file structure39.pdb (PDB, C-alpha atoms and all ligand atoms)
ATOM      1  CA  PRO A   7      -7.732 -19.135 -21.660
ATOM      2  CA  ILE A   8      -6.852 -20.935 -18.437
ATOM      3  CA  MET A   9      -9.175 -23.830 -17.602
ATOM      4  CA  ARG A  10      -9.480 -25.641 -14.300
ATOM      5  CA  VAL A  11     -10.106 -29.416 -14.154
ATOM      6  CA  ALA A  12     -10.555 -31.813 -11.268
ATOM      7  CA  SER A  13     -10.487 -35.469 -10.376
ATOM      8  CA  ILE A  14     -12.085 -37.319  -7.474
ATOM      9  CA  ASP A  15     -10.916 -40.819  -6.570
ATOM     10  CA  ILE A  16     -12.929 -42.924  -4.160
ATOM     11  CA  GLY A  17     -11.049 -45.874  -2.719
ATOM     12  CA  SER A  18     -11.567 -48.310   0.144
ATOM     13  CA  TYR A  19      -9.597 -46.027   2.514
ATOM     14  CA  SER A  20      -9.652 -42.439   1.272
ATOM     15  CA  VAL A  21     -11.640 -40.073  -0.904
ATOM     16  CA  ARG A  22      -9.390 -37.609  -2.723
ATOM     17  CA  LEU A  23      -9.852 -34.413  -4.718
ATOM     18  CA  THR A  24      -7.294 -32.897  -7.095
ATOM     19  CA  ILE A  25      -7.811 -29.551  -8.886
ATOM     20  CA  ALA A  26      -5.431 -28.378 -11.601
ATOM     21  CA  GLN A  27      -5.166 -25.418 -13.949
ATOM     22  CA  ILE A  28      -4.149 -25.824 -17.554
ATOM     23  CA  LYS A  29      -2.316 -22.778 -18.962
ATOM     24  CA  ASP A  30      -0.712 -23.023 -22.455
ATOM     25  CA  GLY A  31      -0.649 -26.822 -22.269
ATOM     26  CA  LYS A  32       0.911 -26.814 -18.785
ATOM     27  CA  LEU A  33      -0.981 -28.584 -15.963
ATOM     28  CA  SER A  34      -0.310 -27.298 -12.442
ATOM     29  CA  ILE A  35      -2.007 -28.670  -9.339
ATOM     30  CA  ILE A  36      -3.659 -25.897  -7.325
ATOM     31  CA  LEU A  37      -5.674 -27.788  -4.739
ATOM     32  CA  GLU A  38      -5.670 -31.244  -3.186
ATOM     33  CA  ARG A  39      -7.846 -32.714  -0.440
ATOM     34  CA  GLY A  40      -7.943 -36.144   1.144
ATOM     35  CA  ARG A  41     -10.268 -37.637   3.717
ATOM     36  CA  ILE A  42     -10.124 -41.132   5.193
ATOM     37  CA  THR A  43     -13.634 -42.634   5.139
ATOM     38  CA  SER A  44     -12.764 -46.350   5.172
ATOM     39  CA  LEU A  45     -15.457 -47.447   2.709
ATOM     40  CA  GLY A  46     -13.923 -50.936   2.624
ATOM     41  CA  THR A  47     -14.848 -51.450   6.291
ATOM     42  CA  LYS A  48     -16.395 -54.888   6.741
ATOM     43  CA  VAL A  49     -16.989 -55.402   3.002
ATOM     44  CA  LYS A  50     -15.015 -58.671   2.982
ATOM     45  CA  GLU A  51     -17.057 -59.970   5.922
ATOM     46  CA  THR A  52     -20.569 -58.669   5.141
ATOM     47  CA  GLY A  53     -20.419 -58.148   1.394
ATOM     48  CA  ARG A  54     -21.739 -54.565   1.937
ATOM     49  CA  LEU A  55     -20.621 -50.952   2.390
ATOM     50  CA  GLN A  56     -21.487 -49.874   5.890
ATOM     51  CA  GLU A  57     -24.031 -47.115   6.239
ATOM     52  CA  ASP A  58     -21.930 -44.879   8.485
ATOM     53  CA  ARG A  59     -19.036 -45.054   5.959
ATOM     54  CA  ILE A  60     -21.463 -44.244   3.116
ATOM     55  CA  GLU A  61     -22.818 -41.229   4.983
ATOM     56  CA  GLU A  62     -19.383 -39.847   5.795
ATOM     57  CA  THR A  63     -18.307 -40.406   2.184
ATOM     58  CA  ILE A  64     -21.373 -38.545   0.886
ATOM     59  CA  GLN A  65     -20.607 -35.606   3.238
ATOM     60  CA  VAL A  66     -16.977 -35.443   1.994
ATOM     61  CA  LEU A  67     -18.196 -35.504  -1.599
ATOM     62  CA  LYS A  68     -20.577 -32.609  -0.888
ATOM     63  CA  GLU A  69     -17.617 -30.634   0.504
ATOM     64  CA  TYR A  70     -15.581 -31.457  -2.601
ATOM     65  CA  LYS A  71     -18.431 -30.403  -4.873
ATOM     66  CA  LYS A  72     -18.641 -27.034  -3.023
ATOM     67  CA  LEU A  73     -14.929 -26.482  -3.759
ATOM     68  CA  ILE A  74     -15.390 -27.455  -7.426
ATOM     69  CA  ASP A  75     -18.227 -24.906  -7.649
ATOM     70  CA  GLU A  76     -16.380 -22.066  -5.854
ATOM     71  CA  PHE A  77     -13.182 -22.668  -7.892
ATOM     72  CA  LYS A  78     -15.172 -22.650 -11.161
ATOM     73  CA  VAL A  79     -13.798 -26.015 -12.246
ATOM     74  CA  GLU A  80     -14.975 -26.620 -15.800
ATOM     75  CA  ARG A  81     -14.307 -30.373 -16.156
ATOM     76  CA  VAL A  82     -14.686 -32.913 -13.345
ATOM     77  CA  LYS A  83     -14.221 -36.698 -13.509
ATOM     78  CA  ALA A  84     -14.931 -38.889 -10.479
ATOM     79  CA  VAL A  85     -13.929 -42.538 -10.243
ATOM     80  CA  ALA A  86     -14.219 -45.380  -7.766
ATOM     81  CA  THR A  87     -11.973 -48.447  -7.491
ATOM     82  CA  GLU A  88     -12.949 -52.071  -8.094
ATOM     83  CA  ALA A  89     -12.748 -52.638  -4.295
ATOM     84  CA  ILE A  90     -15.964 -50.580  -4.053
ATOM     85  CA  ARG A  91     -17.473 -52.653  -6.859
ATOM     86  CA  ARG A  92     -16.881 -55.743  -4.692
ATOM     87  CA  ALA A  93     -19.652 -54.407  -2.380
ATOM     88  CA  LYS A  94     -23.240 -55.483  -3.050
ATOM     89  CA  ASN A  95     -24.844 -52.091  -2.356
ATOM     90  CA  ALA A  96     -22.276 -50.140  -4.421
ATOM     91  CA  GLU A  97     -24.881 -49.320  -7.082
ATOM     92  CA  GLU A  98     -27.244 -47.870  -4.416
ATOM     93  CA  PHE A  99     -24.400 -45.815  -2.892
ATOM     94  CA  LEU A 100     -23.488 -44.392  -6.341
ATOM     95  CA  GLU A 101     -27.142 -43.527  -7.022
ATOM     96  CA  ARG A 102     -27.235 -41.542  -3.766
ATOM     97  CA  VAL A 103     -24.169 -39.658  -4.969
ATOM     98  CA  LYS A 104     -25.938 -38.707  -8.205
ATOM     99  CA  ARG A 105     -29.036 -37.532  -6.424
ATOM    100  CA  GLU A 106     -27.530 -35.907  -3.311
ATOM    101  CA  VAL A 107     -24.171 -34.573  -4.589
ATOM    102  CA  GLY A 108     -24.904 -34.028  -8.294
ATOM    103  CA  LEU A 109     -21.927 -36.079  -9.410
ATOM    104  CA  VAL A 110     -21.544 -39.268 -11.460
ATOM    105  CA  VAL A 111     -18.843 -41.576 -10.066
ATOM    106  CA  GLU A 112     -17.610 -44.163 -12.571
ATOM    107  CA  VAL A 113     -16.482 -47.521 -11.191
ATOM    108  CA  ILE A 114     -13.321 -48.289 -13.108
ATOM    109  CA  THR A 115     -11.285 -51.476 -13.496
ATOM    110  CA  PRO A 116      -7.649 -51.830 -12.346
ATOM    111  CA  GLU A 117      -6.754 -51.936 -16.035
ATOM    112  CA  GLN A 118      -8.484 -48.582 -16.584
ATOM    113  CA  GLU A 119      -6.646 -47.161 -13.551
ATOM    114  CA  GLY A 120      -3.516 -48.250 -15.390
ATOM    115  CA  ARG A 121      -4.605 -46.488 -18.567
ATOM    116  CA  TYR A 122      -5.068 -43.229 -16.640
ATOM    117  CA  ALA A 123      -1.712 -43.637 -14.823
ATOM    118  CA  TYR A 124      -0.077 -44.167 -18.188
ATOM    119  CA  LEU A 125      -1.458 -40.812 -19.412
ATOM    120  CA  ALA A 126      -0.020 -39.140 -16.340
ATOM    121  CA  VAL A 127       3.410 -40.487 -17.210
ATOM    122  CA  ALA A 128       3.062 -39.609 -20.870
ATOM    123  CA  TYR A 129       2.464 -35.994 -19.919
ATOM    124  CA  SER A 130       4.756 -35.621 -16.906
ATOM    125  CA  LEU A 131       7.805 -37.600 -18.067
ATOM    126  CA  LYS A 132       7.413 -38.099 -21.845
ATOM    127  CA  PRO A 133       9.357 -41.396 -21.733
ATOM    128  CA  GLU A 134      10.914 -42.481 -25.031
ATOM    129  CA  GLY A 135      10.462 -45.548 -27.138
ATOM    130  CA  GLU A 136       8.404 -48.524 -26.075
ATOM    131  CA  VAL A 137       7.271 -47.838 -22.548
ATOM    132  CA  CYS A 138       6.063 -49.992 -19.681
ATOM    133  CA  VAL A 139       4.463 -48.177 -16.758
ATOM    134  CA  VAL A 140       4.553 -50.300 -13.600
ATOM    135  CA  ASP A 141       1.996 -49.029 -11.097
ATOM    136  CA  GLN A 142       2.019 -50.737  -7.730
ATOM    137  CA  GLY A 143      -0.713 -49.937  -5.206
ATOM    138  CA  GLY A 144      -4.172 -50.667  -3.865
ATOM    139  CA  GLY A 145      -3.874 -54.431  -4.088
ATOM    140  CA  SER A 146      -2.419 -54.748  -7.559
ATOM    141  CA  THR A 147       0.358 -53.900  -9.927
ATOM    142  CA  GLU A 148      -0.527 -52.815 -13.421
ATOM    143  CA  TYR A 149       1.846 -53.200 -16.356
ATOM    144  CA  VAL A 150       0.862 -50.683 -19.044
ATOM    145  CA  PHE A 151       2.574 -50.851 -22.394
ATOM    146  CA  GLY A 152       2.565 -48.184 -25.040
ATOM    147  CA  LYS A 153       4.373 -45.525 -26.987
ATOM    148  CA  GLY A 154       3.890 -41.803 -26.476
ATOM    149  CA  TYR A 155       0.281 -41.240 -25.363
ATOM    150  CA  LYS A 156      -0.968 -44.488 -26.942
ATOM    151  CA  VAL A 157      -1.654 -47.464 -24.735
ATOM    152  CA  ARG A 158      -1.292 -50.831 -26.501
ATOM    153  CA  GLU A 159      -1.892 -53.234 -23.692
ATOM    154  CA  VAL A 160      -2.516 -53.291 -19.947
ATOM    155  CA  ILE A 161      -2.082 -56.305 -17.700
ATOM    156  CA  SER A 162      -3.185 -56.051 -14.062
ATOM    157  CA  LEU A 163      -1.553 -58.541 -11.664
ATOM    158  CA  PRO A 164      -3.425 -58.995  -8.368
ATOM    159  CA  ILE A 165      -0.140 -59.183  -6.403
ATOM    160  CA  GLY A 166      -1.061 -56.758  -3.638
ATOM    161  CA  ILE A 167       1.705 -56.171  -1.126
ATOM    162  CA  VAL A 168      -0.452 -56.744   1.964
ATOM    163  CA  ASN A 169      -1.403 -60.192   0.652
ATOM    164  CA  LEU A 170       2.131 -61.025  -0.484
ATOM    165  CA  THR A 171       3.479 -60.079   2.952
ATOM    166  CA  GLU A 172       0.956 -62.173   4.817
ATOM    167  CA  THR A 173       1.334 -65.099   2.445
ATOM    168  CA  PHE A 174       5.115 -65.390   2.313
ATOM    169  CA  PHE A 175       6.563 -63.423   5.227
ATOM    170  CA  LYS A 176       5.526 -65.401   8.267
ATOM    171  CA  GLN A 177       8.469 -63.891  10.216
ATOM    172  CA  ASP A 178       9.092 -60.173  10.639
ATOM    173  CA  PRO A 179      11.341 -59.636   8.866
ATOM    174  CA  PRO A 180      11.099 -62.727   6.640
ATOM    175  CA  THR A 181      13.589 -65.555   6.645
ATOM    176  CA  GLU A 182      15.789 -66.041   3.624
ATOM    177  CA  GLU A 183      13.648 -68.987   2.585
ATOM    178  CA  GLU A 184      10.495 -66.923   2.759
ATOM    179  CA  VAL A 185      12.142 -64.295   0.601
ATOM    180  CA  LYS A 186      13.102 -67.053  -1.860
ATOM    181  CA  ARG A 187       9.547 -68.327  -2.097
ATOM    182  CA  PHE A 188       8.258 -64.766  -2.593
ATOM    183  CA  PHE A 189      10.659 -64.301  -5.512
ATOM    184  CA  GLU A 190       9.822 -67.704  -7.020
ATOM    185  CA  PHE A 191       6.182 -66.594  -7.050
ATOM    186  CA  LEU A 192       7.014 -63.241  -8.606
ATOM    187  CA  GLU A 193       9.107 -65.000 -11.319
ATOM    188  CA  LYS A 194       6.039 -67.204 -12.129
ATOM    189  CA  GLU A 195       3.695 -64.218 -12.394
ATOM    190  CA  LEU A 196       5.983 -61.620 -13.967
ATOM    191  CA  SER A 197       7.351 -63.888 -16.665
ATOM    192  CA  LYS A 198       3.873 -63.766 -18.203
ATOM    193  CA  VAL A 199       4.035 -59.952 -18.689
ATOM    194  CA  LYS A 200       7.612 -59.788 -19.979
ATOM    195  CA  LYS A 201       7.942 -57.830 -23.239
ATOM    196  CA  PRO A 202      10.886 -55.962 -24.836
ATOM    197  CA  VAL A 203      10.784 -52.313 -23.755
ATOM    198  CA  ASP A 204      12.996 -49.244 -23.967
ATOM    199  CA  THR A 205      11.818 -47.485 -20.801
ATOM    200  CA  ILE A 206      10.279 -48.667 -17.537
ATOM    201  CA  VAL A 207       8.537 -46.103 -15.361
ATOM    202  CA  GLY A 208       7.709 -46.994 -11.785
ATOM    203  CA  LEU A 209       4.753 -45.534  -9.799
ATOM    204  CA  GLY A 210       3.268 -45.719  -6.324
ATOM    205  CA  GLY A 211       4.143 -45.326  -2.683
ATOM    206  CA  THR A 212       6.860 -47.922  -2.600
ATOM    207  CA  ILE A 213       8.942 -46.596  -5.481
ATOM    208  CA  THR A 214       8.659 -42.893  -4.584
ATOM    209  CA  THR A 215       9.686 -43.716  -1.004
ATOM    210  CA  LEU A 216      12.638 -45.665  -2.417
ATOM    211  CA  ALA A 217      13.632 -42.706  -4.572
ATOM    212  CA  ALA A 218      13.446 -40.364  -1.562
ATOM    213  CA  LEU A 219      15.608 -42.790   0.440
ATOM    214  CA  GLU A 220      18.191 -43.264  -2.357
ATOM    215  CA  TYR A 221      18.521 -39.550  -3.044
ATOM    216  CA  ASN A 222      18.343 -38.282   0.564
ATOM    217  CA  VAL A 223      15.128 -36.362   0.006
ATOM    218  CA  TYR A 224      13.635 -35.287   3.302
ATOM    219  CA  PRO A 225      11.022 -34.046   3.698
ATOM    220  CA  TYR A 226       9.463 -35.641   0.660
ATOM    221  CA  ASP A 227       9.373 -33.164  -2.229
ATOM    222  CA  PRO A 228       7.883 -34.335  -5.544
ATOM    223  CA  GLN A 229      10.202 -31.935  -7.449
ATOM    224  CA  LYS A 230      13.244 -33.824  -6.120
ATOM    225  CA  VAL A 231      11.846 -37.312  -6.735
ATOM    226  CA  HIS A 232       9.884 -37.126  -9.980
ATOM    227  CA  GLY A 233      12.076 -38.197 -12.881
ATOM    228  CA  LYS A 234      14.807 -39.749 -10.708
ATOM    229  CA  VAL A 235      16.373 -42.987 -11.973
ATOM    230  CA  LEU A 236      16.702 -46.106  -9.840
ATOM    231  CA  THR A 237      18.951 -48.907 -11.021
ATOM    232  CA  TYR A 238      18.559 -52.606 -10.347
ATOM    233  CA  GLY A 239      21.645 -52.302  -8.101
ATOM    234  CA  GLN A 240      20.156 -49.435  -6.074
ATOM    235  CA  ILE A 241      16.837 -51.262  -5.631
ATOM    236  CA  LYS A 242      18.630 -54.511  -4.687
ATOM    237  CA  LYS A 243      20.616 -52.750  -1.972
ATOM    238  CA  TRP A 244      17.399 -51.285  -0.477
ATOM    239  CA  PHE A 245      15.717 -54.696  -0.584
ATOM    240  CA  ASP A 246      18.704 -56.177   1.237
ATOM    241  CA  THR A 247      18.583 -53.356   3.815
ATOM    242  CA  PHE A 248      14.909 -53.703   4.622
ATOM    243  CA  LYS A 249      15.032 -57.504   4.761
ATOM    244  CA  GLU A 250      17.297 -57.140   7.845
ATOM    245  CA  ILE A 251      15.047 -54.657   9.676
ATOM    246  CA  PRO A 252      11.992 -55.609  11.741
ATOM    247  CA  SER A 253       8.938 -53.709  10.510
ATOM    248  CA  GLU A 254       8.513 -51.667  13.701
ATOM    249  CA  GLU A 255      12.075 -50.324  13.325
ATOM    250  CA  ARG A 256      11.849 -49.396   9.652
ATOM    251  CA  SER A 257      10.193 -45.955  10.047
ATOM    252  CA  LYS A 258      12.462 -45.214  12.982
ATOM    253  CA  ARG A 259      15.620 -45.895  10.953
ATOM    254  CA  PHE A 260      14.349 -44.381   7.700
ATOM    255  CA  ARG A 261      12.090 -41.399   8.431
ATOM    256  CA  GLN A 262      10.594 -41.282   4.938
ATOM    257  CA  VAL A 263       8.948 -44.680   5.455
ATOM    258  CA  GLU A 264       5.370 -44.182   6.637
ATOM    259  CA  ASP A 265       4.513 -46.242   9.747
ATOM    260  CA  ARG A 266       1.450 -47.638   7.977
ATOM    261  CA  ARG A 267       3.577 -48.912   5.035
ATOM    262  CA  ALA A 268       6.562 -50.117   7.051
ATOM    263  CA  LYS A 269       5.700 -53.852   7.094
ATOM    264  CA  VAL A 270       4.635 -54.115   3.434
ATOM    265  CA  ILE A 271       7.384 -51.964   1.870
ATOM    266  CA  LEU A 272       9.735 -54.948   1.484
ATOM    267  CA  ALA A 273       7.236 -56.809  -0.744
ATOM    268  CA  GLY A 274       6.761 -53.652  -2.754
ATOM    269  CA  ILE A 275      10.485 -53.258  -3.298
ATOM    270  CA  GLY A 276      10.650 -56.909  -4.414
ATOM    271  CA  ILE A 277       8.037 -56.405  -7.103
ATOM    272  CA  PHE A 278      10.151 -53.675  -8.702
ATOM    273  CA  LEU A 279      13.432 -55.590  -8.254
ATOM    274  CA  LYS A 280      12.028 -58.746  -9.886
ATOM    275  CA  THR A 281      10.364 -56.626 -12.599
ATOM    276  CA  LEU A 282      13.733 -55.181 -13.661
ATOM    277  CA  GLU A 283      15.323 -58.671 -13.633
ATOM    278  CA  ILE A 284      12.567 -60.271 -15.691
ATOM    279  CA  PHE A 285      12.348 -57.448 -18.224
ATOM    280  CA  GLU A 286      16.164 -57.477 -18.430
ATOM    281  CA  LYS A 287      16.364 -53.725 -17.764
ATOM    282  CA  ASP A 288      18.993 -52.094 -15.638
ATOM    283  CA  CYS A 289      16.897 -49.158 -14.400
ATOM    284  CA  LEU A 290      13.578 -47.424 -14.173
ATOM    285  CA  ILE A 291      12.390 -43.817 -13.939
ATOM    286  CA  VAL A 292      10.219 -42.743 -10.985
ATOM    287  CA  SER A 293       6.946 -40.885 -11.426
ATOM    288  CA  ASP A 294       5.228 -38.915  -8.685
ATOM    289  CA  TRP A 295       2.078 -38.800 -10.846
ATOM    290  CA  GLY A 296      -0.376 -41.654 -11.441
ATOM    291  CA  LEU A 297      -4.139 -42.256 -11.608
ATOM    292  CA  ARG A 298      -5.361 -39.063  -9.941
ATOM    293  CA  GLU A 299      -3.259 -36.824 -12.146
ATOM    294  CA  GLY A 300      -3.877 -38.970 -15.255
ATOM    295  CA  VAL A 301      -7.571 -38.307 -14.938
ATOM    296  CA  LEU A 302      -6.689 -34.593 -15.189
ATOM    297  CA  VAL A 303      -4.596 -35.261 -18.276
ATOM    298  CA  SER A 304      -7.496 -37.185 -19.827
ATOM    299  CA  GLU A 305      -9.818 -34.229 -19.277
ATOM    300  CA  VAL A 306      -7.354 -31.911 -21.025
ATOM    301  CA  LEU A 307      -7.030 -34.280 -23.993
ATOM    302  CA  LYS A 308     -10.866 -34.469 -24.212
ATOM    303  CA  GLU A 309     -11.111 -30.677 -24.221
ATOM    304  CA  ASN A 310      -8.574 -30.449 -27.071
ATOM    305  CA  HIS A 311     -10.141 -33.147 -29.282
ATOM    306  CA  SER A 312     -11.828 -31.993 -32.510
TER     307      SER A 312
HETATM  308 CA    CA A 401      -2.067 -50.653  -8.763
HETATM  309 CL    CL A 402      -3.362 -56.968  -0.920
HETATM  310 CL    CL A 403      -0.365 -53.221  -3.687
HETATM  311 CL    CL A 404       2.018 -48.689  -1.239
END

call {"tool": "encode", "arguments": {"input": "structure39.pdb", "output": "structure tokens", "more": "lines below"}}
Ligand SMILES: [Ca+2]
Ligand SMILES: [Cl-]
Ligand SMILES: [Cl-]
Ligand SMILES: [Cl-]
result
Amino acid sequence: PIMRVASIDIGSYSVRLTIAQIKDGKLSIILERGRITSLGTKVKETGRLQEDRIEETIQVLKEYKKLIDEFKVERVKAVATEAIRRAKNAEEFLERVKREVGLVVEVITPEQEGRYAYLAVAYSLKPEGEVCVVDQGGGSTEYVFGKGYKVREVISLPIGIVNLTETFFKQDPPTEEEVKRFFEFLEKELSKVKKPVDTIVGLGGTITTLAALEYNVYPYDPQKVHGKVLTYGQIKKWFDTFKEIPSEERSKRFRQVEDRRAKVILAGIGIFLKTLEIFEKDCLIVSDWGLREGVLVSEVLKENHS
């Protein structure tokens, strides 16, 4: 019989709901919602989640729970990112969610996010041989190694593209020397995760935007992007293109680039370019699915155990 499953992901910017049906082993997404609640507001400065952001987040979660109830979702898993954990009143916020929404939200590590993203790829792409999933987003890039559905090792590198951009790219766009320093740093960090692999799979907003650009996909359509290959050469040419374009012009020239990602996209592209160089691989496969969908996969595997 068909079963419905759902995931909720609470980040520093948005709270997101994904509902899927599973029918003869096939997962199809049937509902998605997203609301920006900016839970990370002033956490760096005050060490705390702000009350107005908590209250809005609780109201969104109530609305998501109403949908889960009406849609008769049988399995629900809710997670929060380590950026929420950074806050000092996170535990008190999560207790309110238990009491007022009826939902447990698990604070998960970046490594665990990687483990879920890896499951998404295992299901949605079935990559062969020794696999490394490279998941860039939310302040980090995870490198998740395994074979089939089995994760062997996950390494999370805290090389967030906002920080890399601010650190290295003092000009907009950066000078050639700034680009050089950025790559020297990435060589230092990425050489530590290098392992022999058969297949690299790339995830996140940077790489799916790159795939849409390379393959002339507009508007964005996951069916046209998921499973596309990008070679080192293709990624290098996009890096070289964006390094010559001021950030404010990028979304004007290339419509698929979101305004809010336009400045940091170059750093993102560099992570993937240097990754391919260091791992000595000529290409990667793009996934449209990651954490949010991997939580759904995990729920299906749990249902089928025993
Ligand atoms: Ca990440
Ligand atoms: Cl960052
Ligand atoms: Cl990032
Ligand atoms: Cl991104």

call {"tool": "closest_atom_pairs", "arguments": {"input": "structure39.pdb", "of": "chain A", "to": "ligand CL 404 (chain A)", "cutoff": "10 Å", "atoms": "all atoms listed in the file", "output": "tab-separated table"}}
result
residue	atom	partner	partner_atom	distance
A:141	CA	A:CL404	CL	9.9
A:142	CA	A:CL404	CL	6.8
A:143	CA	A:CL404	CL	5.0
A:144	CA	A:CL404	CL	7.0
A:145	CA	A:CL404	CL	8.7
A:146	CA	A:CL404	CL	9.8
A:166	CA	A:CL404	CL	9.0
A:167	CA	A:CL404	CL	7.5
A:168	CA	A:CL404	CL	9.0
A:209	CA	A:CL404	CL	9.5
A:210	CA	A:CL404	CL	6.0
A:211	CA	A:CL404	CL	4.2
A:212	CA	A:CL404	CL	5.1
A:213	CA	A:CL404	CL	8.4
A:214	CA	A:CL404	CL	9.4
A:215	CA	A:CL404	CL	9.1
A:264	CA	A:CL404	CL	9.7
A:266	CA	A:CL404	CL	9.3
A:267	CA	A:CL404	CL	6.5
A:268	CA	A:CL404	CL	9.6
A:270	CA	A:CL404	CL	7.6
A:271	CA	A:CL404	CL	7.0
A:273	CA	A:CL404	CL	9.7
A:274	CA	A:CL404	CL	7.0
A:275	CA	A:CL404	CL	9.8

call {"tool": "resolve_selection", "arguments": {"input": "structure39.pdb", "expression": "the PyMOL selection byres (((chain A and resi 289) around 6) and not hetatm)", "output": "PDB file with C-alpha atoms, keeping the file's coordinate frame"}}
result
ATOM      1  CA  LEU A 236      16.702 -46.106  -9.840  1.00  0.00           C
ATOM      2  CA  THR A 237      18.951 -48.907 -11.021  1.00  0.00           C
ATOM      3  CA  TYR A 238      18.559 -52.606 -10.347  1.00  0.00           C
ATOM      4  CA  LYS A 287      16.364 -53.725 -17.764  1.00  0.00           C
ATOM      5  CA  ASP A 288      18.993 -52.094 -15.638  1.00  0.00           C
ATOM      6  CA  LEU A 290      13.578 -47.424 -14.173  1.00  0.00           C
TER       7      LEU A 290
END

call {"tool": "resolve_selection", "arguments": {"input": "structure39.pdb", "expression": "the PyMOL selection byres (((chain A and resi 83) around 10) and not hetatm)", "output": "list in words"}}
result
residues 11, 12, 13, 14, 15, 81, 82, 84, 85, 109, 110, 111, 112, 298, 301, 302, 304 and 305 of chain A

call {"tool": "write_last_selection", "arguments": {"input": "structure39.pdb", "atoms": "C-alpha atoms", "output": "tab-separated table (two decimals), keeping the file's coordinate frame"}}
result
chain	number	residue	atom	x	y	z
A	11	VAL	CA	-10.11	-29.42	-14.15
A	12	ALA	CA	-10.56	-31.81	-11.27
A	13	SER	CA	-10.49	-35.47	-10.38
A	14	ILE	CA	-12.08	-37.32	-7.47
A	15	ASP	CA	-10.92	-40.82	-6.57
A	81	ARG	CA	-14.31	-30.37	-16.16
A	82	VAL	CA	-14.69	-32.91	-13.34
A	84	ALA	CA	-14.93	-38.89	-10.48
A	85	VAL	CA	-13.93	-42.54	-10.24
A	109	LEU	CA	-21.93	-36.08	-9.41
A	110	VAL	CA	-21.54	-39.27	-11.46
A	111	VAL	CA	-18.84	-41.58	-10.07
A	112	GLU	CA	-17.61	-44.16	-12.57
A	298	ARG	CA	-5.36	-39.06	-9.94
A	301	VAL	CA	-7.57	-38.31	-14.94
A	302	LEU	CA	-6.69	-34.59	-15.19
A	304	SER	CA	-7.50	-37.18	-19.83
A	305	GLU	CA	-9.82	-34.23	-19.28

call {"tool": "resolve_selection", "arguments": {"input": "structure39.pdb", "expression": "the PyMOL selection byres (((chain A and resi 20) around 6) and not hetatm)", "output": "PyMOL selection string"}}
result
chain A and resi 17+19+21+41-43

call {"tool": "closest_residue", "arguments": {"input": "structure39.pdb", "among": "A:23, A:251, A:307, A:203", "to": "residue 285 of chain A", "atoms": "all atoms listed in the file"}}
result
A:203

call {"tool": "closest_residue", "arguments": {"input": "structure39.pdb", "among": "A:178, A:294, A:299, A:88", "to": "residue 217 of chain A", "atoms": "all atoms listed in the file"}}
result
A:294

call {"tool": "build_atoms", "arguments": {"input": "structure39.pdb", "residues": "segment 135-144 of chain A", "atoms": "N, CA, C and O atoms", "output": "mmCIF file, in the frame of the given file"}}
result
data_model
loop_
_atom_site.group_PDB
_atom_site.id
_atom_site.type_symbol
_atom_site.label_atom_id
_atom_site.label_comp_id
_atom_site.auth_asym_id
_atom_site.auth_seq_id
_atom_site.Cartn_x
_atom_site.Cartn_y
_atom_site.Cartn_z
ATOM 1 N N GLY A 135 10.522 -44.208 -26.641
ATOM 2 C CA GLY A 135 10.462 -45.548 -27.138
ATOM 3 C C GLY A 135 9.267 -46.319 -26.635
ATOM 4 O O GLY A 135 8.223 -45.744 -26.352
ATOM 5 N N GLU A 136 9.424 -47.622 -26.563
ATOM 6 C CA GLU A 136 8.404 -48.524 -26.075
ATOM 7 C C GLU A 136 8.471 -48.459 -24.564
ATOM 8 O O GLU A 136 9.515 -48.714 -23.954
ATOM 9 N N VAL A 137 7.337 -48.131 -23.971
ATOM 10 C CA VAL A 137 7.271 -47.838 -22.548
ATOM 11 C C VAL A 137 6.456 -48.892 -21.806
ATOM 12 O O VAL A 137 5.453 -49.363 -22.310
ATOM 13 N N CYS A 138 6.896 -49.246 -20.600
ATOM 14 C CA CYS A 138 6.063 -49.992 -19.681
ATOM 15 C C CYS A 138 5.970 -49.207 -18.390
ATOM 16 O O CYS A 138 6.985 -48.891 -17.767
ATOM 17 N N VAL A 139 4.735 -48.847 -18.019
ATOM 18 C CA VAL A 139 4.463 -48.177 -16.758
ATOM 19 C C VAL A 139 4.085 -49.281 -15.778
ATOM 20 O O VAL A 139 3.223 -50.096 -16.075
ATOM 21 N N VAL A 140 4.765 -49.294 -14.637
ATOM 22 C CA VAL A 140 4.553 -50.300 -13.600
ATOM 23 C C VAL A 140 3.990 -49.598 -12.382
ATOM 24 O O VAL A 140 4.698 -48.865 -11.696
ATOM 25 N N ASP A 141 2.708 -49.792 -12.131
ATOM 26 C CA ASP A 141 1.996 -49.029 -11.097
ATOM 27 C C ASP A 141 1.519 -49.941 -9.971
ATOM 28 O O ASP A 141 0.493 -50.651 -10.069
ATOM 29 N N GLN A 142 2.266 -49.896 -8.877
ATOM 30 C CA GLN A 142 2.019 -50.737 -7.730
ATOM 31 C C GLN A 142 1.259 -49.960 -6.673
ATOM 32 O O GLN A 142 1.656 -48.867 -6.280
ATOM 33 N N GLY A 143 0.157 -50.546 -6.200
ATOM 34 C CA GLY A 143 -0.713 -49.937 -5.206
ATOM 35 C C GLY A 143 -2.130 -50.461 -5.191
ATOM 36 O O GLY A 143 -2.671 -50.903 -6.212
ATOM 37 N N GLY A 144 -2.749 -50.394 -4.015
ATOM 38 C CA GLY A 144 -4.172 -50.667 -3.865
ATOM 39 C C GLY A 144 -4.577 -52.096 -4.111
ATOM 40 O O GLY A 144 -5.697 -52.356 -4.572
#
